[PDB]
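Inspection log for the structure reproduced underneath, given as structure tokens.
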There are 2 protein chains.
Amino acid sequence: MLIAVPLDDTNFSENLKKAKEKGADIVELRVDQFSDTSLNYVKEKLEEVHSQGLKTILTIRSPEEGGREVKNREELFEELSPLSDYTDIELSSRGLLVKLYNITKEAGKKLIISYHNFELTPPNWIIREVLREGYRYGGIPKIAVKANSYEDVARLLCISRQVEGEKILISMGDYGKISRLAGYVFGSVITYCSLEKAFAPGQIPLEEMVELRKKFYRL
Amino acid sequence: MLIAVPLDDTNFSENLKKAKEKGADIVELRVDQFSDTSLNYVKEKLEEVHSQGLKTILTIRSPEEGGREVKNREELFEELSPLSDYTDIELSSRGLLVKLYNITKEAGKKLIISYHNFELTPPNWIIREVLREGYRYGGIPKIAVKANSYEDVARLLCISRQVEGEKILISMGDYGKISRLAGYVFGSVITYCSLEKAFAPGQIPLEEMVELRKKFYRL
């Protein structure tokens, strides 16, 4: 179970330092929350992370999926994808999928193809569809959806097994908090943590997840 | 989920003190592990637990499923079932199921019909069948099986969903340790904890679980 921590560009160096010392394996750069999205500014953030021994996830969340408009997102994806371990691209950004797959593949890097739903856990055929499409476009499918009950959590985790393979599963909200820890036995390879004492609904602080990972998962 | 603590007779009163101060809801009397099985020695313990305001699970495990031989077993069951909130009888002990249901039924108490496999996690149809049988005998089906991979944990949890209802799910061993926490979202109403140190692989200290429950299951 790789632990990732999302970070914007405020206090980067200190936050990155805390992330590394507390046991984070990855830093997800939420470029959509950056105060500067220029090519070299983002590139520099990528290198800093790598210099600390951690991996990166390049994310530029579109407005539709909870992010905000980034005028040069296409440039950033195409030019910095080869410099990031993982690049998270929304399944709905169909025009970039093939392009980004070719670029990352040639660079020996990985694509995370995501789907977000902040309102509910979609019906089973949607869960399977998102997984299938993510796989067909050559990436690691990612499903992050709001759980409105514990059953939604159980449903997401179990239905996802019907589309065998490496994936990333997140049931958002207080009900889905357990998914951030248990998702691993169902095939979820990466989990996300808040840097410090996490305080959006359903989140688990990095330090807590690190302790939990050694407690529950055997080496 | 209700947290239960299995206890032998050794230092009973002192351990019941810890279990109570620490947050346990139930104390599982592992009579098959008691040195004195005499009716009143056991009927006294059952009463100690209640005076401290906690619930009880009467368990006289058979050697086949990890327990021991207990002469007055039936006696203990027929005479003490109506006094314990819960009584755990093995599905394999076919003769006692019917009358034990009737007893606890008349007394307004509950029955837990268990199955153990210290070897492996049986095939899916067996997981489903044990659950069905537990239900048709009028009790809370309980399945505790050894996980030999993380996949075994996911399979146990997901397949059990196919037989909807209240139940108790346990993937034993270090691989299945997460099931003691995550089982709840799959319908597992009770989880078992070691009073203090995990003296066997997969066990989780009572204090650790009380905290984990608060963190993950506020709702």
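All heavy atoms count here, side chains included; hydrogens, waters and symmetry mates do not. Each chain gets a letter, A, B and so on, in the order its sequence line appears, and its residues count up from 1.
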(message) Measuring only between side-chain heavy atoms, which start at C-beta, is B/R218 closer than 4.5 Å to A/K177?
(response) no

(request) State, yes or no, whether a side-chain contact exists between A/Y150 and B/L219 at a heavy-atom distance under 4.5 Å. (result) yes

(message) Is it the case that atom CD in A/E207 sees more than 12 heavy atoms from other parts of the structure closer than 6.0 Å?
(response) no

(message) If you define the side chain from C-beta out and look only at heavy atoms, does anything of B/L157 sit under 4.5 Å from A/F186?
(response) yes

(request) Enter the distance from A/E208:CD to B/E211:CD here, rounded to the nearest 0.5 Å. (result) 8.0 Å

(message) Taking atom NZ as the centre, does B/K109 end up with more than 12 heavy-atom neighbours from other residues, nucleotides or ligands that are less than 6.0 angstrom away?
(response) yes

(request) Please round to the nearest 0.5 Å and tell me the distance separating atom CZ of B/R155 and atom SG of A/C158. (result) 12.5 Å

(request) Side-chain contact test, heavy atoms from C-beta onward, threshold under 4.5 Å: evaluate it for A/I178 versus B/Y217 and give yes or no. (result) yes

(message) Take a 6.0 Å sphere around CD of B/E14 and say whether it holds more than 12 heavy atoms from other residues, nucleotides or ligands.
(response) yes

(message) For a 4.5 angstrom cut-off between non-hydrogen side-chain atoms, does B/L212 reach A/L212?
(response) yes

(request) Please flag which part of B/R180 lies under 4.5 Å from any non-hydrogen atom of chain A: side chain, backbone, both or neither. (result) neither

(message) Are more than 12 heavy atoms, taken from residues, nucleotides or ligands other than B/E21, located less than 6.0 Å from that residue's CD atom?
(response) yes

(request) Measure B/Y184 against the heavy atoms of chain A and call it side chain, backbone, both or neither at under 4.5 Å. (result) side chain

(request) State, with a plain yes or no, whether a side-chain heavy atom of B/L181 is found less than 4.5 Å away from one of A/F216. (result) yes

